[PDB]
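work-v6.cif, holding mmCIF, C-alpha atoms:
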data_work
loop_
_atom_site.label_atom_id
_atom_site.label_comp_id
_atom_site.auth_asym_id
_atom_site.auth_seq_id
_atom_site.Cartn_x
_atom_site.Cartn_y
_atom_site.Cartn_z
CA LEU F 6 -22.34 4.22 10.76
CA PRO F 7 -20.49 1.52 12.61
CA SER F 8 -16.95 2.75 13.73
CA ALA F 9 -14.04 1.34 15.76
CA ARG F 10 -11.53 2.96 18.10
CA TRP F 11 -8.10 2.53 16.46
CA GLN F 12 -5.11 1.30 18.57
CA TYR F 13 -1.69 0.26 17.24
CA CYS F 14 -0.57 -2.24 19.93
CA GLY F 15 1.60 -3.39 17.03
CA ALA F 16 5.08 -4.82 17.47
CA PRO F 17 7.17 -4.26 20.63
CA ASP F 18 10.49 -3.80 18.74
CA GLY F 19 8.88 -3.89 15.26
CA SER F 20 10.78 -7.21 15.05
CA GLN F 21 7.37 -8.89 15.50
CA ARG F 22 5.29 -9.24 12.28
CA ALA F 23 2.10 -11.19 11.45
CA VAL F 24 1.95 -13.26 8.26
CA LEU F 25 -0.46 -12.83 5.33
CA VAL F 26 -0.55 -15.25 2.47
CA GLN F 27 -1.91 -14.88 -1.01
CA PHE F 28 -1.96 -17.70 -3.57
CA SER F 29 -1.19 -16.77 -7.20
CA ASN F 30 -3.56 -19.47 -8.56
CA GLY F 31 -6.59 -18.59 -6.54
CA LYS F 32 -8.11 -19.74 -3.21
CA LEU F 33 -7.83 -22.99 -1.25
CA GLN F 34 -11.44 -24.10 -0.55
CA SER F 35 -10.41 -25.62 2.83
CA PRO F 36 -6.61 -25.22 3.47
CA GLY F 37 -6.99 -26.66 6.99
CA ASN F 38 -4.68 -29.37 5.65
CA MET F 39 -1.81 -27.03 4.94
CA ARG F 40 1.25 -26.72 6.95
CA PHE F 41 3.07 -23.46 6.82
CA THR F 42 6.70 -23.03 7.75
CA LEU F 43 8.35 -19.66 8.03
CA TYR F 44 12.06 -19.51 7.35
CA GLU F 45 14.35 -16.61 8.19
CA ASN F 46 17.86 -15.74 7.06
CA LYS F 47 20.57 -16.79 9.54
CA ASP F 48 22.50 -13.58 8.83
CA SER F 49 21.26 -11.10 11.46
CA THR F 50 24.26 -8.75 10.99
CA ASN F 51 23.43 -7.74 7.37
CA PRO F 52 20.53 -5.28 7.43
CA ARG F 53 19.71 -6.30 3.89
CA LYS F 54 19.53 -10.01 4.66
CA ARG F 55 18.12 -9.84 8.19
CA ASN F 56 14.59 -9.17 6.83
CA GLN F 57 14.72 -11.93 4.21
CA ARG F 58 12.11 -14.55 4.86
CA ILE F 59 10.68 -17.63 3.07
CA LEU F 60 7.26 -19.01 3.62
CA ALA F 61 6.62 -22.57 2.57
CA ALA F 62 3.33 -24.32 2.45
CA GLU F 63 3.15 -28.08 2.04
CA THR F 64 0.23 -30.08 0.76
CA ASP F 65 -0.14 -33.70 -0.21
CA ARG F 66 0.21 -32.83 -3.84
CA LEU F 67 2.20 -29.71 -4.18
CA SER F 68 4.34 -27.17 -2.36
CA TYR F 69 3.97 -23.47 -2.34
CA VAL F 70 6.69 -21.00 -1.70
CA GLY F 71 6.65 -17.31 -1.05
CA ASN F 72 9.52 -14.97 -0.49
CA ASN F 73 9.85 -11.27 0.53
CA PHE F 74 13.04 -10.80 -1.49
CA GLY F 75 14.05 -11.16 -5.15
CA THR F 76 11.70 -11.47 -8.14
CA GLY F 77 9.05 -13.22 -6.03
CA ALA F 78 9.06 -10.27 -3.71
CA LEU F 79 6.44 -8.04 -5.27
CA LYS F 80 6.03 -4.20 -5.19
CA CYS F 81 2.94 -4.18 -2.86
CA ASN F 82 5.10 -5.29 0.07
CA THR F 83 6.78 -1.81 -0.01
CA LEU F 84 4.85 0.90 -2.05
CA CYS F 85 2.01 -0.02 0.30
CA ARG F 86 2.03 -1.37 3.85
CA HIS F 87 -0.21 -4.10 5.19
CA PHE F 88 -1.75 -4.34 8.60
CA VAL F 89 -4.01 -6.68 10.43
CA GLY F 90 -6.83 -5.26 12.55
CA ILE F 91 -8.31 -7.29 15.37
CA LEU F 92 -11.70 -5.85 16.25
CA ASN F 93 -13.34 -6.50 19.61
CA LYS F 94 -17.05 -6.23 18.76
CA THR F 95 -18.00 -5.77 22.35
CA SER F 96 -15.53 -2.93 23.15
CA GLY F 97 -15.52 -1.41 19.59
CA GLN F 98 -11.71 -1.32 19.87
CA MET F 99 -9.56 -2.26 16.87
CA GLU F 100 -6.01 -3.39 17.59
CA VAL F 101 -3.76 -2.89 14.60
CA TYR F 102 -0.56 -4.91 13.83
CA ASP F 103 2.10 -4.86 11.18
CA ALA F 104 1.69 -7.55 8.60
CA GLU F 105 3.85 -9.14 6.05
CA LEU F 106 2.27 -10.36 2.84
CA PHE F 107 3.64 -13.51 1.11
CA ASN F 108 2.62 -14.37 -2.44
CA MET F 109 2.53 -18.10 -2.62
CA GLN F 110 3.64 -20.20 -5.64
CA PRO F 111 4.08 -24.06 -6.59
CA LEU F 112 7.32 -26.15 -6.02
CA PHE F 113 9.16 -28.32 -8.63
CA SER F 114 12.89 -28.93 -9.37
CA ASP F 115 14.61 -30.54 -12.43
CA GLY A 103 3.66 -25.84 16.41
CA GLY A 104 3.41 -24.67 12.85
CA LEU A 105 1.42 -21.85 11.19
CA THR A 106 -2.19 -22.65 10.17
CA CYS A 107 -4.78 -20.69 8.12
CA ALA A 108 -7.01 -18.64 10.49
CA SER A 109 -10.48 -17.19 10.01
CA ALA A 110 -11.14 -15.17 6.91
CA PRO A 111 -11.06 -11.46 7.43
CA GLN A 112 -14.51 -9.88 7.89
CA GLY A 113 -13.54 -6.57 6.30
CA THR A 114 -10.90 -4.52 4.53
CA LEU A 115 -9.69 -0.99 5.21
CA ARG A 116 -7.83 0.96 2.48
CA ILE A 117 -6.15 4.18 3.66
CA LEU A 118 -5.06 7.04 1.39
CA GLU A 119 -4.12 10.68 2.34
CA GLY A 120 -6.27 13.39 0.66
CA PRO A 121 -6.55 17.24 0.91
CA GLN A 122 -9.77 19.27 0.08
CA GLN A 123 -11.16 21.80 -2.51
CA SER A 124 -11.20 25.59 -1.92
CA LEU A 125 -13.87 28.12 -2.94
CA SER A 126 -14.35 28.81 -6.68
CA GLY A 127 -13.01 32.31 -7.35
CA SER A 128 -11.88 31.85 -10.98
CA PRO A 129 -9.43 34.85 -11.14
CA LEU A 130 -8.83 34.64 -14.91
CA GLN A 131 -6.20 37.35 -15.64
CA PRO A 132 -3.89 40.01 -13.94
CA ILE A 133 -4.91 42.78 -16.40
CA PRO A 134 -7.92 40.91 -17.97
CA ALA A 135 -9.74 40.81 -21.37
CA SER A 136 -8.29 42.24 -24.62
CA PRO A 137 -8.02 45.98 -23.68
CA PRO A 138 -9.10 48.09 -26.70
CA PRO A 139 -6.80 50.31 -28.86
CA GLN A 140 -7.92 53.96 -28.47
CA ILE A 141 -7.74 57.72 -29.33
CA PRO A 142 -4.77 59.89 -28.07
CA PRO A 143 -6.48 62.92 -26.38
CA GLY A 144 -6.87 66.13 -28.48
CA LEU A 145 -4.38 64.96 -31.21
CA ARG A 146 -4.91 68.11 -33.43
CA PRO A 147 -4.48 68.21 -37.26
CA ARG A 148 -0.78 67.80 -38.26
CA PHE A 149 -1.33 69.12 -41.84
CA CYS A 150 -2.82 72.19 -43.60
CA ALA A 151 -3.79 73.15 -47.18
CA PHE A 152 -1.78 75.63 -49.27
CA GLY A 153 -3.18 79.19 -49.59
#
How would this structure read if it were set down as structure tokens?
Amino acid sequence: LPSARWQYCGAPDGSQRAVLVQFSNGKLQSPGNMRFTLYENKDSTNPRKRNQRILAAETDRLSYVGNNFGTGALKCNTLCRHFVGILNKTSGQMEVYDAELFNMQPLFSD
Amino acid sequence: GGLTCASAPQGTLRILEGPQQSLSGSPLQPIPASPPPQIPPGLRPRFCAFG
């Protein structure tokens, strides 16, 4: 059975994280037209706030927002951990990195 | 300079931590079964007729 040699190159300080997005209303057939912007909290002194992040996705018609804090932050980001594996098919080596999962949602204000 | 969607993942790995089963020995009871009530040895009659 096909197997890969596992390596956690991972994050140098653990400060580095990749970014996974999931859309609550399904898939985007071809999101190539989406622009993602990652926002971080300016407060680096408060351990609670220093890991707060907002991911915004803008389309022509709607905006999506995901956050890792508050109601929008969901349980899967903690109870479980997410990683990204980059497999080199030639070497059979899988490099594994920490990942952060954002659940994306639509933007409207009264 | 922004973030763009990249190629779809080709596979998923789900990790869980699991221990294994031991041999079946099925040691039902310390002193097992319903041990039967029984005769005290010898006993002897504790009663006699008159005469």
Query - the PyMOL selection byres ((chain A) within 9 of (chain F)) resolved against shown file, as a list in words - result: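 So the PyMOL selection byres ((chain A) within 9 of (chain F)) ends up selecting residues 104, 105, 106, 107, 108 and 115 of chain A.
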May I have the residues within 12 Å of residue F:19 as a PDB file with C-alpha atoms, in the frame of the given file, using all atoms listed in the file and disregarding those fewer than 4 positions away in the same chain?
ATOM      1  CA  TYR F  13      -1.690   0.260  17.240  1.00  0.00           C
ATOM      2  CA  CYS F  14      -0.570  -2.240  19.930  1.00  0.00           C
ATOM      3  CA  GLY F  15       1.600  -3.390  17.030  1.00  0.00           C
ATOM      4  CA  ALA F  23       2.100 -11.190  11.450  1.00  0.00           C
ATOM      5  CA  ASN F  56      14.590  -9.170   6.830  1.00  0.00           C
ATOM      6  CA  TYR F 102      -0.560  -4.910  13.830  1.00  0.00           C
ATOM      7  CA  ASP F 103       2.100  -4.860  11.180  1.00  0.00           C
ATOM      8  CA  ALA F 104       1.690  -7.550   8.600  1.00  0.00           C
ATOM      9  CA  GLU F 105       3.850  -9.140   6.050  1.00  0.00           C
TER      10      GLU F 105
END
Report summary line: Using all atoms listed in the file, the residue out of F:96, F:20, F:34, F:68 with shortest distance to residue F:55 is F:20
Query raised in the report: atom CA of residue F:97 and atom CA of residue A:110 are how many Å apart?
Result: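 Atom-to-atom, atom CA of residue F:97 to atom CA of residue A:110, that is 19.2 Å.
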Requested in this report: Just give me the gap between atom CA of residue F:94 and atom CA of residue F:22 in Å, one decimal is fine.
Outcome: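 Going from atom CA of residue F:94 over to atom CA of residue F:22 covers 23.5 Å.
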